[PDB]
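K.L.:
First to last, the protein sequences are chains S, H, G, C, V, W, B, Y, F and P. Residues 2 to 49 in the UniProt record's numbering are what the first sequence lists, from first letter to last. Residues 2 to 109 in the UniProt record's numbering are what the second sequence lists, from first letter to last. Residues 45 to 485 in the UniProt record's numbering are what the third sequence lists, from first letter to last. Residues 2 to 60 in the UniProt record's numbering are what the fourth sequence lists, from first letter to last. Residues 56 to 105 in the UniProt record's numbering are what the fifth sequence lists, from first letter to last. Residues 4 to 73 in the UniProt record's numbering are what the sixth sequence lists, from first letter to last. Residues 219 to 273 in the UniProt record's numbering are what the seventh sequence lists, from first letter to last. Residues 32 to 495 in the UniProt record's numbering are what the eighth sequence lists, from first letter to last. Residues 2 to 123 in the UniProt record's numbering are what the ninth sequence lists, from first letter to last. Residues 328 to 377 in the UniProt record's numbering are what the tenth sequence lists, from first letter to last. All residues carry an ideal CB built from backbone N, CA and C; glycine is no exception. One structure is given below, represented as structure tokens, and several questions about it will come after.
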Amino acid sequence: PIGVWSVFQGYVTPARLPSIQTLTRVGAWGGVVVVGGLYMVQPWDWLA
Amino acid sequence: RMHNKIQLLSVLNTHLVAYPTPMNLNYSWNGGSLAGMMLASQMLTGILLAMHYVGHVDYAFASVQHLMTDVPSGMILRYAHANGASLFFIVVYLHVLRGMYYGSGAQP
Amino acid sequence: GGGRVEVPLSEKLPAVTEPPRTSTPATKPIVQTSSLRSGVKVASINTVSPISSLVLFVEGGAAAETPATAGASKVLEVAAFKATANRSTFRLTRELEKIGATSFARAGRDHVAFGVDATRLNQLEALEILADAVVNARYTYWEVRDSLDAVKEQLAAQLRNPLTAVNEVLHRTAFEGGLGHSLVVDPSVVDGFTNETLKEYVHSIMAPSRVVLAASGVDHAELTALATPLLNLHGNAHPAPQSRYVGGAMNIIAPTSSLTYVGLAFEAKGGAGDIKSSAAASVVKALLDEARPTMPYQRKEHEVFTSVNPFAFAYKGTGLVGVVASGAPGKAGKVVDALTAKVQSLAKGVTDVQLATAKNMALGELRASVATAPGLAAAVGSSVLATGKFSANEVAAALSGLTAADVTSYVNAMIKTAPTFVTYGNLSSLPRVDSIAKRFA
Amino acid sequence: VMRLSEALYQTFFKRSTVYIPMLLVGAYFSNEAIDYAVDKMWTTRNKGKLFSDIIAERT
Amino acid sequence: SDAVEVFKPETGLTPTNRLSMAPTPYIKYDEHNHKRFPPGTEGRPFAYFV
Amino acid sequence: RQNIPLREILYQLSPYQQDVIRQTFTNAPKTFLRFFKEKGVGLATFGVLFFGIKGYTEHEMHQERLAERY
Amino acid sequence: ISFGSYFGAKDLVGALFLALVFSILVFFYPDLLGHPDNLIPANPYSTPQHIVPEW
Amino acid sequence: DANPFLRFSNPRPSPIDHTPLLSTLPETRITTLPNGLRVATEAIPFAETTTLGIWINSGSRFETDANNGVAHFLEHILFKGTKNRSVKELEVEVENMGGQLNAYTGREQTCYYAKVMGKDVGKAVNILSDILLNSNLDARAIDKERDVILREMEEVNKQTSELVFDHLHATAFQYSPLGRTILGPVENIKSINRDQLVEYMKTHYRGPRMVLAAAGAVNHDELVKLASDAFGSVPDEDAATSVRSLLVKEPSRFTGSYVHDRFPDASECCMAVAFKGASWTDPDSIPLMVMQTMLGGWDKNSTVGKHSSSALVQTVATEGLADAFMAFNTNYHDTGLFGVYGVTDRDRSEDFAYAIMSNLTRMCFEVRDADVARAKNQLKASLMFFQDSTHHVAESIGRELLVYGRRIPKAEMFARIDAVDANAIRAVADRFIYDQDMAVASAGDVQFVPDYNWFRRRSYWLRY
Amino acid sequence: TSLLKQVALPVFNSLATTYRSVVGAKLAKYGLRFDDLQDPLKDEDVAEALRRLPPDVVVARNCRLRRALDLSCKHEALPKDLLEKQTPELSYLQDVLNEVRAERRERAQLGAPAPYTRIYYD
Amino acid sequence: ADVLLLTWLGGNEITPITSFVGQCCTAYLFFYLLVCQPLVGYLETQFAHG
Ligand code: HEC
Ligand code: HEC
Ligand SMILES: COC1=C(OC)C(=O)C(C/C=C(\C)CC/C=C(\C)CC/C=C(\C)CC/C=C(/C)CCC=C(C)C)=C(C)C1=O
Ligand SMILES: [Zn+2]
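Structure (structure tokens):
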């Protein structure tokens with residue numbers, strides 16, 4: 002009863018969902034893994 | 002109690018001797034212990050096998066043949082290690098199908 | 045960025061005095077009372093305060109309890125303002141906390157009071173929340189079961205003070221009937237309590253002629269017009285066990301009481317119904333005030349006493365005016381002798397300065413009780429429930445128009461009546477009971 | 002006594018998602034500087050003995 | 056709540072009881088290993104840069 | 004371990020005051036029939052689906068080998 | 219109920235069934251579940267007709 | 032759905048406009064005497080009682096190390112007899128006007144006030160001026176109070192919360208005047224005398240530092256005349272010895288630090304964590320008031336704590352982390368303190384500490400608008416409740432003239448509260464809380480309280 | 002699709018009754034009720050709703066659970082005289098659990114979480 | 328039955344009928360794992376305790 006049971010019962014409202022700021026702060030981790038992979042591999046001037 | 006004075010005996014007692022289990026479990030709850038027995042059997046047979054196997058091309062086939070015909074009890078060890086993988090997968094597959102049937106992965 | 049104008053500086057042109065000053069009313073507002081068609085009496089008094097207080101007074105308390113429903117008023121103090129037929133507990137709590145309002149449940153010895161205090165802009169919300177939490181309360185099983193623990197520590201903490209225990213035993217000894225029942229019961233009395241017991245007690249105490257709605261700072265016509273569909277009540281008046289004063293004496297055994305407490309009381313004839321007798325009893329209570337803490341860190345030393353605490357309770361038809369004094373365990377007979385000497389010297393006459401001082405003390409207490417809106421609403425509700433009217437102006441006139449001869453006559457008539465005597469503590473020194481109640485005869 | 006600047010704190014230090022890419026570019030440049038210093042010292046000390054010195058000598 | 060009924064201290068003018076009733080603002084730390092900065096030193100620490 | 008409120012009386016007999024393997028020979032056909040009655044529908048569903056789809060696939064494979072046959 | 223008394227022999231029964239099947243597979247049909255092509259030495263230039271894994 | 036029982040009310044938090052409440056609120060009149068003393072009244076139209084007193088911009092901060100404790104000892108001595116009235120004469124005259132005298136002595140503020148009826152305004156003015164100006168300060172009464180204070184010091188007779196807060200002020204304001212206790216050390220009490228009391232009153236009780244504030248039933252012109260007759264003889268203040276010059280000369284300093292007061296057989300575990308807050312004149316003090324309302328407070332005699340609007344109250348009430356707690360917002364002339372104080376035991380102290388730190392840091396990142404609207408409504412309602420009691424009206428008049436320099440109108444206060452939104456709360460929490468040093472104080476059974484590095488680590492999040 | 006949904010409501014009732022009849026016939030061989038299938042370890046709403054019951058109901062539920070588990074261990078069923086008295090559709094938990102779920106729905110629309118957590122055994 | 332059919336099909340040759348049957352078996356495997364288990368289970372809960 003964690004997962005689809007939470008949304009079938011009506012426990013996932015517009016509230017209790019993450020805010021736009023929370024999703025942006027989590028979404029800012031996308032650049033970190035890209036920069037880390039480019040740091041690890043170093044394909045310099047490989048962008049087309 | 003003697004098991005209350007050594008911490009190894011306390012853990013072994015708690016998790017293998019006095020562990021409370023439902024009394025109405027049928028024979029489809031024996032998949033896990035069989036899977037553990039097959040894992041231990043595969044480990045033992047393989048560690049014994051690796052003392053006669055050579056992991057190089059142009060020696061691997063001949064080392065398996067020398068294991069089969071010249072090592073004492075070597076044919077038993079090889080055939081046991083080969084068919085034990087099949088029995089290990091049979092047991093683990095039946096275990097997974099039990100969990101699928103009963104909904105064993107649910108909370109908690 | 046937010047506002048950066050510092051508070052020593054005035055706020056800028058976005059700070060307007062757009063509401064004009066409303067003119068003051070010509071006279072002091074008067075109490076206006078009426079009755080609903082269901083029979084519930086509604087009384088209200090207008091104020092200039094920005095706080096509106098709404099209180100609901102129901103006859104009951106310890107006087108309406110039975111041996112089966114023992115300690116139900118104390119449980120009702122905790123279990124009130126929870127889940128109703130229309131709202132859950134969560135919804136009522138959030139609706140009170142949204143407008144910044146506060147709620148109380150308070151159980152007396154002859155009444156239970158429920159109240160909501162809010163600002164003047166949320167008086168309809170406060171009235172609706174109070175009426176829904178009183179009339180349509182559910183008293184579920186699990187909520188009462190979980191509240192019983194907190195009830196037990198609140199009673200255990202309230203019985204730590206010896207004055208509460210002395211007051212309980214004094215009310216037991218002074219009266220037979222409803223007023224002799226125990227309000228602050230032992231914690232183990234409510235050990236077998238359930239929600240059925242509370243529902244039975246509530247069904248006994250609730251009736252349209254035993255419920256008064258009192259409001260402070262609310263227009264009366266609006267309040268009656270909007271409370272008529274909300275306080276339409278039905279039910280039967282459970283019989284009230286009328287109390288009578290008989291007097292007597294008792295004792296209490298306390299194993300680790302570092303002091304020893306002695307209570308002496310008499311009956312105030314007429315109860316809360318007589319204005320003059322209640323005023324004279326309040327004057328006597330102020331005359332017995334030996335060590336009143338009017339200044340910080342002042343050390344008034346008595347030869348024998350450690351604390352003096354008088355009182356004057358005015359119930360319906362009868363009252364109880366008296367004094368409780370502490371003292372050392374080895375000097376309890378001296379405490380009794382000094383208390384008898386004080387009451388006898390009061391009976392020997394009051395001398396002008398003492399009479400004026402006690403009248404000013406009584407007037408100050410009376411006016412400071414109704415200074416705030418919740419205190420004024422509680423005073424209006426209690427006076428209307430006990431009598432049918434609010435007469436604070438008449439009480440002040442009775443306090444001011446009291447002569448020393450009237451007070452001396454009052455104390456003389458008091459000491460002829462049989463008294464009530466209660467002791468407390470690890471009692472290892474006591475004069476015999478026959479000679480205890482002889483000094484006023 | 003010595004204290005990190007507030008304006009430099011609010012830019013490169015307050016969030017980890019800004020701190021980590023700055024950390025990686027600083028790591029890259031630090032590795033480049035250490036490589037340069039070690040290689041320059043080694044080539045200066047052993048001049049005339051390496052294979053590239055013989056090859057450039059034969060030009 | 057009172058400290059005599061909750062903490063239940065010993066009676067007397069012991070060194071711990073003196074600081075319990077009136078703590079001093081002139082706290083002395085040990086400075087054999089680290090010397091303190093002047094009190095009230097503001098700003099984000101230089102150790103992040105290091 | 005948890006506290007379970009429960010009102011019962013339990014009786015147990017010694018293992019050495021009982022027979023060990025003598026009611027197996029009596030309950031054996033009833034156990035067989037009860038097992039097949041309880042799990043009859045699922046075993047039949049599995050067998051019908053598996054063998055019918057396998058037979059259809061094998062028949063179509065033979066037909067496709069015959070269609071290219073000279 | 220306790221694991222160590224009641225579910226030790228119950229696991230031992232199933233382990234003995236598994237040992238029976240295992241002994242049959244080892245001693246009587248050792249190459250039943252395999253593939254005969256794995257008894258040919260590996261040739262990177264010649265591929266077998268059917269390339270299938272274990273079951 | 033009930034028709035009459037379900038209108039008008041709903042649990043959805045919406046902003047409330049408190050503008051129509053401003054039409055009938057009374058006005059404050061201020062008159063400055065040539066002495067420099069301000070006389071400020073607020074007449075409630077049908078009041079029967081009056082609170083009036085003298086508020087002084089002085090206290091334990093403006094003492095020295097040699098006379099620390101003189102201002103607290105002054106409220107032990109001042110009511111023990113004057114040069115015109117004895118102890119019994121003062122007692123009889125106060126009893127006949129039906130009121131009580133009272134006194135408070137803070138770190139920066141002192142008040143002596145009377146709660147009387149409206150007919151006894153002039154008598155209360157005369158009595159208050161008599162204790163303030165013509166006191167005996169007898170050496171026998173000083174010796175009679177020194178021994179009582181020394182006994183209660185030897186017994187460690189103190190509230191637990193006051194003990195924790197005194198430790199907190201001592202460790203957060205090291206080597207500044209605000210780190211001293213109001214009570215003072217044992218040695219200053221053991222060597223106190225009449226000369227130090229005279230010198231303190233002569234130095235600090237002057238015209239520009241004193242407000243005579245009266246609320247309830249009082250006329251402004253008559254109080255002006257009575258104050259000019261009575262309090263007209265107070266000395267004026269030198270420009271070189273003003274309150275601002277003393278604030279500049281000895282400023283406040285905040286140091287991030289930790290103290291615990293361990294006892295061997297205690298039961299409770301009281302603890303407070305505070306950050307460096309705002310001064311009284313900082314415009315960020317209104318958002319700190321809103322944030323303190325957002326954190327709230329709770330004690331275990333309530334049973335509706337699980338339905339609270341505040342998430343910290345919800346967490347502590349649901350998991351049972353503390354017996355009681357409260358969030359505080361202390362403001363001084365040039366600094367402040369913001370944080371949470373609570374009472375727990377040794378097995379729940381770390382989880383309570385984690386709940387405090389996690390709820391403080393959460394306000395920098397995620398703040399929803401419903402909580403801010405709820406807290407604004409609750410704070411405005413709390414401000415309206417103080418208007419109901421004339422004692423709080425007089426206290427606010429005295430405090431606002433001492434520390435703001437002026438009487439802030441109610442319309443300006445409502446407008447300044449209504450200008451707070453969620454972005455302002457996030458900005459103020461980012462300024463004061465995030466990655467900053469804090470002060471930690473505990474007392475009692477504190478062996479399981481985490482050390483300073485645990486508290487310092489949890490002032491920031493590594494996941495954003 | 003609302004017109005077809007209105008036709009699907011007696012169809013829903015028919016399938017619900019048929020399912021309940023078949024499962025209750027399977028349930029009554031062990032003496033169990035429908036409400037006995039709900040597990041506090043599986044569902045925290047059931048764990049909270051079971052905490053709101055008077056203790057005699059919990060004792061009766063625990064007795065029924067132990068009886069069914071004993072029957073399952075024995076590979077037996079109830080005797081016919083006992084099997085004729087079984088009422089597997091008698092509700093003791095439904096109103097309590099419904100009110101718990103309604104409370105959790107009402108709290109979630111305002112952002113509040115549930116005041117109870119999962120059950121942890123460690 | 329679907330999983331055992333997929334096990335049987337893996338040992339055969341690539342044929343248009345075996346390709347079609349394997350595609351249908353894979354589609355039903357995903358259908359059971361992702362559609363039957365949540366939706367039919369929710370319907371069962373609504374039937375039993377609804
Ligand atoms: C994909 C699922 C899965 C795999 C693969 C699996 N397990 Fe299990 N196992 C489970 C689940 C789920 C349970 C709990 C079953 C229950 O209690 O209903 C379980 C239970 C067990 C038990 C307790 C006894 C029993 O059989 O119920 C043991 C022992 C066990 N597993 C061991 C193993 C071993 C050893 C392996 C592999 C070498 C293994 N398992 C592989 C899911 C799995
Ligand atoms: C899950 C299955 C599995 C496990 C576990 C396992 N093996 Fe085996 N191993 C195999 C299979 C299958 C083969 C192929 C046997 C064959 O066909 O001859 C193999 C082959 C080998 C061989 C080559 C010799 C030969 O006869 O093929 C060695 C050596 C070996 N394994 C060692 C080990 C060792 C050592 C371990 C553990 C420590 C181990 N194995 C565990 C599956 C397994
Ligand atoms: C639902 O109830 C349960 C069951 O169902 C009745 C179970 O079955 C089990 C688990 C069963 C266990 C642990 C026994 C099965 C054996 C296993 C997993 C391992 C097999 C090992 C063997 C045979 C011997 C290995 C020997 C050696 C020397 C290796 C160790 C190495 C060193 C000491 C260096 C559990 C916990 C259970 O709760
Ligand atoms: Zn002091």
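Since I believe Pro55 of chain F is in contact with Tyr185 of chain G (beta carbons under 8 Å), could you give me their beta-carbon distance rounded to a whole number of angstroms?
P.N.:
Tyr185 of chain G to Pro55 of chain F, Cβ: 7 Å. Contact.
K.L.:
Please state whether the Cβ-Cβ distance between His49 of chain Y and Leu165 of chain G is less than 9 Å.
P.N.:
Inclusion of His49 of chain Y and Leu165 of chain G in the CB contact set at 9 Å is warranted, their separation being smaller than that value.
K.L.:
In angstroms, rounded to a whole number, what distance separates the CA positions of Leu68 of chain V and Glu183 of chain Y?
P.N.:
Between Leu68 of chain V and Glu183 of chain Y, the C-alpha separation is close to 11 Å.
K.L.:
Going by DSSP in three states, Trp86 of chain Y sits in which element: helix, strand or coil?
P.N.:
strand
K.L.:
Report yes if the C-beta of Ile3 of chain S is less than 8 Å from at least one heavy atom of ligand 4; otherwise report no.
P.N.:
no
K.L.:
Tell me whether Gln398 of chain G sits in a helix, a strand or coil according to DSSP, three-state version.
P.N.:
DSSP places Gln398 of chain G in helix when its eight states are reduced to three.
K.L.:
Taking 9 Å as the threshold (beta carbon to beta carbon), is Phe237 of chain G in contact with chain F?
P.N.:
no
K.L.:
List in chain order: all unbroken alpha helix (DSSP H) runs of 4+ residues lying wholly within the segment 17-85 of chain H.
P.N.:
For the alpha helix (DSSP H) assignment, the uninterrupted runs of no fewer than 4 residues enclosed by the segment 17-85 of chain H are, from N- to C-terminal side, 32-50 and 61-70.
K.L.:
How far does the beta strand (DSSP E) with residue 2 of chain Y in it reach, from first residue to last?
P.N.:
Here chain Y comprises residues numbered 32 to 495, so residue 2 of chain Y is not present and cannot be evaluated.
K.L.:
Looking at C-alpha atoms only, which residue of P:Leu370, P:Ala354 and P:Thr342 is the closest neighbour of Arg68 of chain W?
P.N.:
P:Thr342
K.L.:
Counting pairs of Cβ atoms below 8 Å between the segment 93-100 of chain G and the segment 403-417 of chain G, do you hit three or more?
P.N.:
yes
K.L.:
Counting only the same chain and skipping the five closest in sequence on each side, list residues whose C-beta sits under 6 Å from that of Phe369 of chain Y.
P.N.:
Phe306, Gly308, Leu319 and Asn360
K.L.:
Say yes only if the C-beta of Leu214 of chain Y is nearer than 8 Å to one or more non-hydrogen atoms of ligand 4, and no if none qualify.
P.N.:
yes
K.L.:
If distances are taken between C-alpha atoms only, which option among G:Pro206, G:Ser232, G:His215 and G:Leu140 comes closest to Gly292 of chain G?
P.N.:
G:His215
K.L.:
How would you list, in chain order, the residues of chain S whose beta-carbon sits under 8 Å from the beta-carbon of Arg106 of chain F?
P.N.:
Those are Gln10, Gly11 and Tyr12, listed as they occur along chain S.
K.L.:
Which residue marks the beginning of the alpha helix (DSSP H) containing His264 of chain G, and which one marks its end?
P.N.:
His264 to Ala271
K.L.:
Give the DSSP bridge partners of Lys146 of chain Y, in chain order.
P.N.:
Y:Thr82 and Y:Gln131
K.L.:
Below 8 Å on the Cβ atoms is my guess for residue 491 of chain G versus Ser40 of chain Y; work out the distance and round it to an integer in Å.
P.N.:
This structure cannot speak to residue 491 of chain G, because chain G is shown only from 45 to 485.
K.L.:
Report, in whole angstroms, the separation of the C-beta atoms of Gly215 of chain Y and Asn99 of chain Y, which I expect to be a contact under 8 Å.
P.N.:
4 Å
K.L.:
Counting only Cβ pairs nearer than 7 Å, list the residues of chain F close to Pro2 of chain S.
P.N.:
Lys43 and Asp44
K.L.:
Under 8 Å: does the beta carbon of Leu26 of chain H sit that close to some heavy atom of ligand 3?
P.N.:
yes
K.L.:
Is there a Cβ from chain G that is less than 9 Å from the Cβ of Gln190 of chain Y?
P.N.:
no
K.L.:
Give a yes or no on contact between the segment 316-332 of chain Y and the segment 390-402 of chain Y, applying the rule of three or more CB pairs nearer than 8 Å.
P.N.:
Three or more beta-carbon pairs drawn from the segment 316-332 of chain Y and the segment 390-402 of chain Y are found closer than 8 Å, and the two stretches are therefore classed as touching.
K.L.:
Quick one: Cα of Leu121 of chain Y to Cα of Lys256 of chain Y, how far?
P.N.:
A straight-line Cα-Cα distance of about 23 Å links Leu121 of chain Y and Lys256 of chain Y.
K.L.:
Looking at C-alpha atoms only, which residue of Y:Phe294, Y:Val371 and Y:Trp329 is the closest neighbour of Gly475 of chain Y?
P.N.:
Y:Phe294
K.L.:
Buried or exposed for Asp161 of chain G, please, with buried defined as at least 16 other CB atoms from any protein chain shown within 10 angstroms of its CB.
P.N.:
buried
K.L.:
With distances taken from CA atoms, which of G:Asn280, G:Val195, G:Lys313 and G:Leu120 is nearest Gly366 of chain G?
P.N.:
With distances taken between Cα atoms, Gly366 of chain G lies closest to G:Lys313.
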